[PDB]
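Trainee: Curious how this folds, go ahead:
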Amino acid sequence: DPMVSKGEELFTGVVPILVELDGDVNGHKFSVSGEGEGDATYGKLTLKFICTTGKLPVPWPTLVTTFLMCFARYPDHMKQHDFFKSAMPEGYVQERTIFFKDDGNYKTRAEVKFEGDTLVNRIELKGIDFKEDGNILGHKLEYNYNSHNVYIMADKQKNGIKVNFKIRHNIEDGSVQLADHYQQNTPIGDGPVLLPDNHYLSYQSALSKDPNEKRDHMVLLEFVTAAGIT
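Mentor: Numbering: from 1, shown residues only. Find the structure here:
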């Protein structure tokens, strides 16, 4: 299939990644840079993020979903369902609203596209209505991450997809903070894209620290596999 061939051929080996995020949460401004690599053959991403403005004023876990679904491993039987790769190299726009239960929300806009050989994820984030003392601005979330299916459906009238899912972040008191995600992706280019049947991506995420790193940061290891169309 000369289509399955094209965007797909961009992902066959290890692809370097750049992530840039500009954040304003309740007027707490901040900027994050990340670097790493993805290997979609294995559903594999390795990234390290650095707050380049000082202290990150939110918990690192709350940013994980925001900081690359083009690197999902789609099984061979499912390659016709891979919207994300099909949009490349021109890329796609990923928008979210993330509602933190009993606390504020994030609204995000990203552009995910190639810049030469580098896959780049440029992000703007605004958070509003947070409790200065809640789980988020109060830093009460644990530095870990649960696995989670992500459900994708076509959005044919926007020539894109909608994604919907809940993340539960462990709180330090043993309870959970729900973060309910509403997401929309739309290609940047005028060309055809693959519009998928309903399926999901299974995410596993592992958060760690670089022992030699003194800035505020996060090392993120994600494995991501498409399923649900047997």
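
Trainee: Please count neighbours and contacts with C-alpha atoms only from this point.
Mentor: Fine.

Trainee: This structure: strands as residue ranges?
Mentor: Counting by DSSP state E, the chain has strands at residues 15-25, 28-39, 44-51, 92-100, 105-115, 118-128, 148-155, 160-170, 176-187, 199-208, 217-227.

Trainee: distance of the nearest residue to residue 156 once chain neighbours are set aside from residue 78?
Mentor: Closest residue to residue 156 apart from its sequence neighbours, by Cα to Cα, 6 or more residues apart in numbering: residue 195 at 7.2 Å. According to Cα to Cα, to the nearest Å, residue 195 and residue 78 sit 12 Å apart.

Trainee: mind listing what the residue nearest to residue 156 touches?
Mentor: For residue 195, the contact set (Cα atoms under 8 Å, 6 or more residues apart in numbering) comprises 81-83, 154-156, 159-161.

Trainee: okay if I get those as a markdown table plus distance to residue 105?
Mentor: Converted to a markdown table, these look like this (distance: Cα to Cα, whole Å):
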| residue | distance to residue 105 |
| --- | --- |
| 81 | 30 |
| 82 | 29 |
| 83 | 27 |
| 154 | 25 |
| 155 | 24 |
| 156 | 27 |
| 159 | 27 |
| 160 | 24 |
| 161 | 22 |
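
Trainee: Can you turn the buried part of those into a PyMOL selection?
Mentor: Burial among the contacts of residue 195 is assessed by 16 or more other Cα atoms under 10 Å; the matching PyMOL selection reads:
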select buried, resi 81+82+83+154+155+160+161
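
Trainee: from the contacts of residue 195, which single one is nearest residue 43?
Mentor: Nearest to residue 43 out of the contacts of residue 195 is residue 82 (Cα to Cα; 12.7 Å).

Trainee: That closest one contacts residue 73, correct?
Mentor: No. If you go by Cα atoms under 8 Å, residue 82 and residue 73 don't touch, sitting 9.3 Å apart.

Trainee: what's the neighbour count on the closest residue to residue 210 other than its chain neighbours?
Mentor: Excluding its sequence neighbours, the residue lying closest to residue 210 (Cα to Cα, 6+ apart) is residue 219, at 6.8 Å. By other Cα atoms under 10 Å, the residues close to residue 219 number 18.
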